[PDB]
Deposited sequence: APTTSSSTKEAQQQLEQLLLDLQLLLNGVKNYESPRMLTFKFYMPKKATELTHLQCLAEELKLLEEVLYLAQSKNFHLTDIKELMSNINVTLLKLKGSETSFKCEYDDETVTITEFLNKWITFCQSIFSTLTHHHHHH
C-alpha cells in the first residue's frame, strides 16, 4: 500500500528527527531549562493527532532555539526537517482537537512522550 509506505517513511524520519532533537536537548541545553514545565497532550493514537505536535512546536521551537547553550544553524535545520515531515503527514481536515493533561512536563519528557506516541501511531499504519 504505497501511500501507507509513504506515511511510514515520513513517520520513521520524524522518529529519527525527534530522537536527534532529544539527544541535543540533553547534551546542549543549559541546566536552567531543567525547571521549565509546560502542558502537553494526552492520548495521541492516530495520524491526525500529530497536528497536536505541530501546534505545540509553533512556540516550543522558539523556546528550543533560545534555550541553547552558546549550534543554532544545526538546530534550525533539524526543526525545519521536523516541520516538513509533519506537513507531509498532515491530512486535509480543516480543524483538529487536542486534549491536555494538567500535569506539566519538561522538554525532555515532552520529547520522550512524543517519541512513544509516534511509535504507537506507527503500528496503526495498517
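Gaps in the coordinates relative to the deposited sequence fall at 1-4, 75-76, 133-138.
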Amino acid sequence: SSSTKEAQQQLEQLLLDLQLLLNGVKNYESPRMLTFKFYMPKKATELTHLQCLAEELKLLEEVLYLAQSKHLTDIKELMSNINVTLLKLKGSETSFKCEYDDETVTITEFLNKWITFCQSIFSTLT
From here on, numbers count along this sequence of modelled residues.
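As listed in the deposited structure, the average C-alpha B-factor of 74-82 and of 54-62 is greater for 74-82. Taking the PDB entry as given, 23-31 carries the higher mean Cα B factor of the two stretches 88-96 and 23-31. Sort the modelled residues of the chain by CA B factor and residue 103 lands in the highest third.
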